[PDB]
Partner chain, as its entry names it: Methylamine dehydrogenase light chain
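Next up: just one chain, as structure tokens, the form deposited without the partner chain.
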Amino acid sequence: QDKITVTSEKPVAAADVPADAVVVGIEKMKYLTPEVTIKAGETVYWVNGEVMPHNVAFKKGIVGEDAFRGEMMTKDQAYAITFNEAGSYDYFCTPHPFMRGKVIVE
């Protein structure tokens, strides 16, 4: 089905993120780590630092045949995606498509 596994449909509190996680922070309309590289099976967390809501989304054909739109995080919410397959995955923020980043899975 999908190259990815979503954990929780819902955003979790940043207080729920584990200490050893790879975390991509979001501040000032930017993903703070624009290119992160993990191994298949690892989970990436995004944590929104600001009051502007931000999500993580994938166009069609990137993590599956369909498009994927994560739920919106408000301030200090976090969001997790587990990447099962090796590859390069671009995401963007649905209401702010100039916000982009990528995950390299190997």
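Numbering follows the first chain given and starts at 1.
Comparing 3-11 with 96-104, the stretch with the higher mean C-alpha B-factor in the PDB entry is 3-11. The deposited model assigns a higher average Cα B-factor to 32-40 than to the other stretch when 45-53 and 32-40 are compared.
In this entry, the residue among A78, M72, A67, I81 with the greatest C-alpha B factor is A67.
Sort the chain's modelled residues by C-alpha temperature factor and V17 lands in the middle third, per the entry.
FYI, the form solved in complex with the partner chain isn't displayed, but the following is about it.
Among heavy atoms of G64, none comes within 4.5 Å of the partner chain in the bound PDB entry. Under a 4.5 angstroms non-hydrogen atom cutoff, the partner chain in the bound PDB entry has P53 among its neighbouring residues. Using a 4.5 angstroms limit between non-hydrogen atoms, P95 touches the partner chain in the bound PDB entry. Among residues of the shown chain, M72 is one whose heavy atoms approach the partner chain to within 4.5 Å in the bound PDB entry.
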